[PDB]
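Undergrad: Would you mind keeping the following structure in view while I ask a few things?
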Amino acid sequence: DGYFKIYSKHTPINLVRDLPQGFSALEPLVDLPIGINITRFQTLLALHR
Amino acid sequence: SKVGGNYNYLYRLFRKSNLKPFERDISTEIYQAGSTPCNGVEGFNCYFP
């Protein structure tokens, strides 16, 4: 219905390459009514020269 | 309603489907009503919505 719902939570970790076993929830943060039809997305990163 | 008429109001006549509540449609193109592609040029069975 146009509304863009976003949740989040922050937590550190001490690991090399894995996903640790445990439990943690998420909470609502912010909602904006952009209201555009959406069917795709991508992602941007950074590089060190 | 001025003398000579006001023509700053436009609306879409032809569409390929129905809309959803609280959703907009602003992009414009040509509409084909027959079995021949319009080829981007106004012709028979080719009308601006």
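Just so it is clear, none of the values below were taken in a lab; they were calculated from the coordinates. Don't worry about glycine lacking a Cβ; one is built from the backbone with ideal geometry, like all the others, and counts go over all protein chains shown.
Undergrad: Can you give the FRET efficiency to the nearest 0.05 for A:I6 and B:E29, using r as the Cβ-Cβ distance and R₀ = 30 Å?
TA: Numbers: r = 33 Å, r/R0 = 1.09.
Efficiency, from the Cβ-Cβ distance: 0.40.
Undergrad: Classify chain A from the C-alpha gyration tensor, please: rounded if a/c falls under 1.5, else prolate or oblate depending on whether a/b exceeds b/c.
TA: Oblate, since a/c reaches 1.5 and b/c is not below a/b.
Undergrad: Give, to the nearest whole percent, the P(r) tail of chain B beyond 18 angstrom, counting all Cα pairs. Show your work: numbers first, answer last.
TA: Values: 558 of 1176 pairs.
I get 47 percent for the Cα pairs in chain B exceeding 18 Å.
Undergrad: Note the per residue figure in Å³ for the convex hull of the C-alpha positions in the protein assembly as shown.
TA: Values: hull volume 34.2 nm³, N = 98.
Dividing the Cα hull volume of the protein assembly as shown by its residue count gives 349 Å³.
Undergrad: Using the Karplus curve 6.51 cos²θ - 1.76 cosθ + 1.60 with θ = phi - 60°, what ³J(HN,Hα) values do you get for each residue of the stretch A:27-36, in whole Hz, with x for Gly and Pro?
TA: 3J(HN,Hα) across the stretch A:27-36, in whole Hz: 10, x, 10, 7, 9, 10, x, 5, x, 10.
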